[PDB]
Ligand SMILES: [Zn+2]
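Numbering (the entry's author numbering), first residue to last: 1 to 3, 783 to 828.
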């Protein structure tokens, strides 16, 4: 597929499809938004509860 073609950070899937933690506001690949697409990973999502 066309995911990770012109990407040095191919592992992070180019970080094309970004959204960001409605807390700190850091942009990341939606895949890392394990807080059900609201916040980034553990520290942040849990901090909102
Ligand atoms: Zn965060």
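By construction, the Cβ of each residue, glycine as well, lies at the ideal position given by its N, Cα and C atoms.
- prompt: Can you tell which of 786, 823 and 817 has its C-alpha closest to the C-alpha of residue 809?
  reply: 817
- prompt: Measuring from the CB of residue 805, is there a heavy atom of ligand 1 at a distance below 7 Å?
  reply: yes
task: Pick helix, strand or coil for residue 802, following the three-state DSSP scheme.
output: coil
task: Please confirm whether residue 814 and residue 803 have their CB atoms less than 8 Å apart.
output: The answer is no: Cβ separation not under 8 Å.
task: Give every residue of the same chain whose Cβ lies closer than 7 Å to the Cβ of residue 788, excluding the five residues on either side of it in the sequence, and list them in chain order.
output: 794
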